[PDB]
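Consider the single chain below, provided in structure tokens and representing the form solved without its partner chain.
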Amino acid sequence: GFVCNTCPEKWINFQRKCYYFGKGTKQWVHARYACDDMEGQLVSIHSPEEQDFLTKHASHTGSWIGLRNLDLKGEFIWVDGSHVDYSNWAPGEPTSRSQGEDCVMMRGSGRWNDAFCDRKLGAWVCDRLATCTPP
């Protein structure tokens, strides 16, 4: 009903969402399926507060997030279909002169870099909606 902050075991709540901080070497598409199979999707980020929460729990060696140049025209969009209403790109990113670097990762600093999708990273972040306590 009113309060939406219930998360499944091993997921961390932040506002109306649950986040899973995944570990293990995976290319972007593998991380995408690892999230799907846990009933989540690679994370989408919509505010500086959500980014600050992610930065605090983010792996120091980089993590895949759910942003990708899906339409192959240079427009990076969230795989969950949510609005691109916030960005935390590292300065000068994304570059127009980086053909094939269609996937996005988050650095230890929390800043985003585009990357080749077949790059193997040690971390990945899933999100899903929190469920609600009945009033």
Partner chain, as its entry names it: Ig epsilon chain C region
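Numbering follows the first chain given and starts at 1. Between two forms, the rigid core is the largest collection of C-alphas that superpose within 1.5 Å. Only residues modelled in both forms are compared.
Keep in mind that the form deposited with its partner chain bound is missing from the display, and what follows is about it.
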query: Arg107 within 4.5 Å of its partner chain in the deposited bound form, heavy atoms; finding: no
query: In the deposited bound form, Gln27 touching its partner chain (heavy atom, 4.5 Å); finding: yes
query: is_contact(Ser98, its partner chain) in the deposited bound form, heavy atom dist at most 4.5 Å; finding: yes
query: Residue showing a 2 Å-or-more C-alpha displacement between this form and the one not shown once the rigid core is overlaid, selected from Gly74, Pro48, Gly108, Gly81; finding: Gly74
query: Cα separation of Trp112 and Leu72 in the deposited bound form versus here, shift of 3 Å or more; finding: farther
query: Segments of at least three residues whose Cα atoms shift by 2 Å or more between this form and the one not shown, after superposing on the rigid core; finding: 69-74, 96-99
